[PDB]
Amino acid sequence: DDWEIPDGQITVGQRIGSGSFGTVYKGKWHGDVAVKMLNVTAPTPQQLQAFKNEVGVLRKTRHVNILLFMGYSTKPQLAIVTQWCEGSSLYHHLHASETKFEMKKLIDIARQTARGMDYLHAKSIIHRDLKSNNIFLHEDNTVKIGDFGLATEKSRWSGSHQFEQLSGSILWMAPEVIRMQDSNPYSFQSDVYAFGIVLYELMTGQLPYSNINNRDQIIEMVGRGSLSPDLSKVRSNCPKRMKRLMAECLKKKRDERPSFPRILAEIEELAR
């Protein structure tokens, strides 16, 4: 309640993108800011609590490669206020842009996002949706990890709506639906895997399985355990140490991936 921004201080600007949740707009508040709004008309007490909890998570981050939480509102609509990034997503640079990156820059980007992720796990925060689209290249040299995935727990945003809209329905739930209620596949190791995919894009310039245009076989083959990215797609000058690190983060069996403190030492060392 210390970070609540009084209303009428922010001048909301141009919409930058939307979602099933709401909208992100550029804004003016002691300078440039991004504003993530939940366009809920009349949030429920439980929706408000789940919002406080997400703000609880964000306010414990303070690191240069994590998008900076600056404040939150609840007065008109639920809102989260962050620093404003200039430039584009890492996805846009790698995949939708003419200009490509030197190897030394790619490794530096890999290093910055390992620092952020190492910082998150040190603080027991799982990102849950790490992808190159969620890595903003601020001023086109500073990684800012943002757009935290939706936590499944009954104390966070999505889990509160999942647990609220099925709270009074369990008596009618087939066993197979019950079992799927409480799930959560997300871990530190799952974060590490996504990071391996982010490395795959940096070091190849492409998205994995660009050769499998079916959401359904990817799901079956990667899930089933027989399909993993094509590492012979890494560029000529990718260091073999970077390739080895990659294969380790991408191991199919979850408890076989490395932790981020080890991941980080490795990249800073090889950047040499």
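In this text, rigid core is short for the largest set of C-alphas that superpose within 1.5 Å between two forms. Residues carry their position along the shown sequence, with the first being 1.
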{"query": "Stretch departing more from the displayed form, 61-69 or 28-36, Cα RMS in 5 other deposited structures of this protein (core fit)", "finding": "28-36"}
{"query": "Which of 78-86 and 92-100 strays further in 5 other deposited structures of this protein - Cα RMS after rigid core alignment", "finding": "92-100"}
{"query": "Other PDB entries, at least a third, lacking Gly116", "finding": "no"}
{"query": "At least a third of other PDB entries omit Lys105", "finding": "no"}
{"query": "Mean temperature factor over C-alpha atoms, higher-scoring stretch between 241-249 and 214-222", "finding": "214-222"}
{"query": "90-98 or 154-162, whichever carries the higher mean Cα B-factor", "finding": "154-162"}
{"query": "Residue with highest C-alpha B-factor in the PDB entry, from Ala42, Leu207, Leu67, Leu231", "finding": "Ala42"}
{"query": "Highest-ranked of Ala114, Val192, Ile170, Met180 once sorted by CA temperature factor in the record", "finding": "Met180"}
{"query": "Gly149 - Cα temperature factor, lowest/middle/highest third of chain", "finding": "middle"}
{"query": "Chain thirds of CA B-factor: placement of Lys75", "finding": "highest"}
{"query": "Entry-reported Cα temperature factor of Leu58, expressed as the chain third it lands in", "finding": "lowest"}
{"query": "B-factor third for the C-alpha atom of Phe21 within its chain", "finding": "highest"}
{"query": "Among modelled residues of the same chain, the CA temperature factor third for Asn141", "finding": "middle"}
